[PDB]
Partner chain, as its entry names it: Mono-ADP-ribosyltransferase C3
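In structure tokens, one chain follows: the form deposited without its partner chain.
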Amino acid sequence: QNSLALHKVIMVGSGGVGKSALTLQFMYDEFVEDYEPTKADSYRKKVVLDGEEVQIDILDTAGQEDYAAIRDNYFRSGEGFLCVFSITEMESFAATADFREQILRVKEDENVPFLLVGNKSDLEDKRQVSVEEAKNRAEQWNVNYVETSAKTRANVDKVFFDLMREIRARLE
């Protein structure tokens, strides 16, 4: 009846960027390459965050919602956001602006816990989005930029843990 902190994370970003692959790497320690692109789902896991046992809830969104009101309701439920793009697809980086605005409209707080996540860092030779331009956007938004690979696990725990650290600090 002792209650753990429950950190509600939402994955956002355009299609194919790695939302599900990041989620499933974090949850199950597997790189999953064919996860149904239209499927949204939630995941929960106990994690030890800076020595404190907590629960993380991850909503892996898929952009499928029947109404804007439904999408906004999901976003309103979230406490922090991983805003993912693929470093190999410039258009997915451009699309992060829309997710940022959607989140800000619902959460009404420019300091909402939020990381800009450039995924597919193992595909450096296919990079379309420079580190510099992504860092500059993160600086404009006052968020951290982290590059990840769901394939190699690089920075996967970091993005989820660092987002939980922002939720913990900012929603106190």
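Only residues modelled in both forms are compared. Positions refer to the first chain, counted from 1. Take the two forms, superpose them, and find the largest set of C-alpha atoms that agree within 1.5 Å; that set is the rigid core.
**Q** Where do the C-alpha atoms have the higher mean temperature factor in this entry, in 143-151 or in 106-114?
**A** Result: 106-114.
**Q** Going by the B-factors listed in the PDB entry, is the mean over the C-alpha atoms higher for 53-61 or for 31-39?
**A** Stretch with the greater average CA B-factor: 31-39.
**Q** Tell me, lowest, middle or highest third: where does the Cα B factor of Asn119 rank within its chain?
**A** Lowest third of the chain for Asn119's C-alpha B-factor.
One more form of this protein exists, namely the form deposited with its partner chain bound; it is left out here, but the text below deals with it.
**Q** Within a 4.5 Å heavy atom cut-off, is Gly13 in contact with its partner chain in the deposited complex?
**A** Result yes; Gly13 sits at the interface with its partner chain in the deposited complex.
**Q** Should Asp66 be counted as a contact of its partner chain in the deposited complex, where contact means heavy atoms within 4.5 Å?
**A** Result yes; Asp66 sits at the interface with its partner chain in the deposited complex.
**Q** Does any part of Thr88 reach within 4.5 Å of its partner chain in the deposited complex? Heavy atoms only, please.
**A** Because no heavy atom of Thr88 falls inside 4.5 Å of its partner chain in the deposited complex, the answer is no.
**Q** Does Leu123 reach its partner chain in the deposited complex if we count a contact as any heavy atom within 4.5 Å?
**A** Looking in the deposited complex, residue contacts with its partner chain do not include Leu123, since no heavy atom lies within 4.5 Å.
**Q** To test your reading of the superposition: with the rigid core aligned, which of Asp66, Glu108, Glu132, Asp50 moves its Cα by 2 angstroms or more between this form and the one not shown?
**A** The residue that shifts is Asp66.
**Q** With a C-alpha distance change of 3 Å or more, do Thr61 and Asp66 lie closer or farther in the deposited complex?
**A** Relative to the displayed form, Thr61 and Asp66 draw closer in the deposited complex - a change of at least 3 Å between their C-alphas.
**Q** At 2 Å or more of Cα shift, core superposed, where are the runs of at least three residues that differ between this form and the one not shown?
**A** Moving region between this form and the one not shown: 64-67, nothing else.
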